[PDB]
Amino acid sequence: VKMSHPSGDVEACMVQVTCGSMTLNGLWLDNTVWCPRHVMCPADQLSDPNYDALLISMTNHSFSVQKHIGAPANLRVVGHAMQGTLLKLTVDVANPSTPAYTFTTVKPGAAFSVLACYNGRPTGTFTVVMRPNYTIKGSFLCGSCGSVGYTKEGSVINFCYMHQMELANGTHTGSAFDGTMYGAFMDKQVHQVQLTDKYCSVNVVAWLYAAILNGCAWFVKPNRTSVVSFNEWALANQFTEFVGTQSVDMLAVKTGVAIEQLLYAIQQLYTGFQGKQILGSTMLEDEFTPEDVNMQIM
């Protein structure tokens, strides 16, 4: 099951940011509003913007911030700065419902929750994994820029994504909160090509373990491939590096099946499924992490 964190924490932080005739979502934490910087850019310049000239041309009053959740309010902007592909706006009132938070960058294969927003109003939530080519496969429509992606550890939200674009293949990307765009895509209105996607090997392993736990173990055999041998094969068949984790070990102890058997099985199941099914799938499944398998199948 694709399970998301409860989103109420993050809903209380979503705002609408308007600049000239551009409008998108922003994140209100304490005295700061984060939002994508292209809100500054008029339409006649989206294809080829000069963000530094645009930033100089803005004043605090160029920016309009509104809260539509709970007690609606207008937030007075009293400072503006740019950080990579984000604007960092300072407002005069602190968000009284600010969670404990950090900013982290997610590595490919890691899962996180997304709150999709339109005009500062939360509309849906879903879970994604960062692909090896630094894209995600969510559902983002018009007005979804500034929607936020995050994980939770205890009561602390770790913010990891702010939405910026949709590639022509329907896939999506955005920034970490240091301003850097995932996959180095540029925040301008141009057709851009992503690198070839790969399978997240550790996720495929975790999924096969989940199959065995539910009683589906047909692919299991005594044939082993070593970690180092599998990884050499992976470079030629568009798989990531396998890296072991204690999470994967838990799933090998409980299952009594070695990673090396599953690594061999991956090579053979990639060749083809020979007609059968694994957990309702006829293709490899790489969007469930070892942590998901550990928490869901007990």
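The numbering used is simple: start at 1 and walk along the sequence shown.
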Original post:
For the C-alpha atoms alone, is the average B factor greater in 24-32 or in 58-66, going by the entry?
Top reply: 58-66
**OP:** Report the stretch with the higher mean CA temperature factor, choosing between 224-232 and 131-139 on the basis of the entry.
**Re:** 224-232
Subject >> Residue selected from 159, 219, 126, 118 by maximal Cα B factor >> reply: 219
**OP:** Quick one: which of 102, 180, 74, 97 shows the highest Cα temperature factor in the PDB entry?
**Re:** 74
Original post:
Based on the entry's values, in what third of the chain does the Cα temperature factor of residue 215 lie: lowest, middle or highest?
Top reply: highest
Original post:
Which third of the chain holds residue 154 when residues are ordered by C-alpha B factor: lowest, middle or highest?
Top reply: highest
**OP:** Please place residue 205 in the lowest, middle or highest third of its chain by C-alpha B factor as given in the entry.
**Re:** middle
Original post:
Comparing residue 196 with the other modelled residues of its chain, is its CA B-factor in the lowest, middle or highest third?
Top reply: highest
Original post:
In terms of the CA temperature factor given in the entry, to which third of its chain does residue 18 belong: lowest, middle or highest?
Top reply: lowest
